[PDB]
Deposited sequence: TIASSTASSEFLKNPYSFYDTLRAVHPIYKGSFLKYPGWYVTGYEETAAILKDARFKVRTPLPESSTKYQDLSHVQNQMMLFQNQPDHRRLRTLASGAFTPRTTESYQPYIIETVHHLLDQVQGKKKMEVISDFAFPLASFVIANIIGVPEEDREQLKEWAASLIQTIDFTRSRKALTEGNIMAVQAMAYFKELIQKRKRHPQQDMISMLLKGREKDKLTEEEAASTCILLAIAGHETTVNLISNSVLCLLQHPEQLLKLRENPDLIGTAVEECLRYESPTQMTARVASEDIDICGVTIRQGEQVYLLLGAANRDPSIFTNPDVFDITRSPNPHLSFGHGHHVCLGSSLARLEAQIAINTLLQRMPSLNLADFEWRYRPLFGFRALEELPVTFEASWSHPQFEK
């Protein structure tokens, strides 16, 4: 509870001992990396491999395991590049830019429904609907099936987190069955009748199995829901807590780019990723032995004073901003351009249409250690 309120002092104490810290947290032993250069080095180094967040040969949650293990996020060479390249078509700079019209449209529509109310819950009324509508449209999920997709994403995100329980994983296995069955049936529809969406794109193809296509859709659905919502809401809270920076941005909307980058650095939606050592590796005056787990604390690296002067100061004018919130190396976030676009449009439009935006006043974070996610963000305006 105190960690979730302020994880950054916890990160600081680790860094002062060693930027690569041997230890154990929530029963998970390994190397905990708070150092910027160390994080970047590990993420670039292909000898540090990605791995399934459940044991490889585990059949306790057979359907959850099968869904997870087919995702590019947990695949190495040569399967990774194949899977990533096939999905990348929907997330090119040019294709991402083509989403702008729909994003602006949805943002205004969502702000319309609350404009008269003088009050709003940023997540349920704004951040979540936008992110949900956008990613469902990109994937090709009908409007009727969008609420079901929300439920799968919220359940499945838990299954990789340190805070997971036996109950979370059992529920995760059920949602895995449901999501996989749904996307297989949607793929059968798009096979007979291709549409202008990502599912059809994946079917065209060098090529994916129909299960690989389904698991790809599930991954993007989760990423589109969870982390993007966190970015938007974290950014809004961040700006409201620093009224002088908020005023700067309201007066100068062109600062939105540099402002969103500092929100990414300062309150990173993803706080952790992980690697396993495929061999003995020497780095930063320590030896990481084959098989040992490495936990990269991206939020901690983003506060490294050797890279960011006055790291605990929120400064929207920081330039440039080489934060690690989207990761680094071969697995670097596939949808980072989309996430940035959603955030930039949402925040700028919000500040424009709600000129006297204020906090409703004690924030709760969801019980996830790998993510920085608010429970809710009540605001008042007009």
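According to the record, the deposited residues with no C-alpha atom in the structure span 1-8, 214-216, 373, 395-404.
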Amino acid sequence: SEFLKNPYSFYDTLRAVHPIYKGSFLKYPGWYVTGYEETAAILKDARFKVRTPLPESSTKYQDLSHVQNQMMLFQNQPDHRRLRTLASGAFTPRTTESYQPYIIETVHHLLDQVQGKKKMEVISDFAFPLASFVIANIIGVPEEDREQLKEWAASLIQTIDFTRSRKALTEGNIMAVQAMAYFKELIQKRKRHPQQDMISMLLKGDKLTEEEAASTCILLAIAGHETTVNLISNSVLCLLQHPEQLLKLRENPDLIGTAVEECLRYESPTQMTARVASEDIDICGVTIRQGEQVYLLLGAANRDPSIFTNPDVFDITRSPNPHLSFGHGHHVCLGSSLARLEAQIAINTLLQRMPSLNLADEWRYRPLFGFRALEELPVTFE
From here on, numbers count along this sequence of modelled residues.
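The PDB entry reports B-factors from which the mean C-alpha value can be compared for 256-264 and 305-313; the larger average falls on 305-313.
When the mean C-alpha temperature factors of 91-99 and 292-300 are read from the deposited coordinates, 91-99 comes out higher.
You'll see in the entry that, of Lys189, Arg84, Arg166, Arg275, the Cα B factor peaks at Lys189. Residues shown: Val134, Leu231, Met175, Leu208. Highest C-alpha temperature factor in the entry: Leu208.
In this PDB entry, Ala46 carries a Cα temperature factor that places it within the middle third of its chain's modelled residues.
For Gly327, the recorded CA B-factor ranks within the lowest third of the chain. Only modelled residues enter the ranking. Among the modelled residues of its chain, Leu220 has a C-alpha B-factor that falls in the lowest third, as given in the PDB entry. In the deposited entry, the Cα temperature factor of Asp161 places it in the lowest third of its chain's modelled residues. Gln75: CA B factor lies in the middle third for its chain, per the PDB record.
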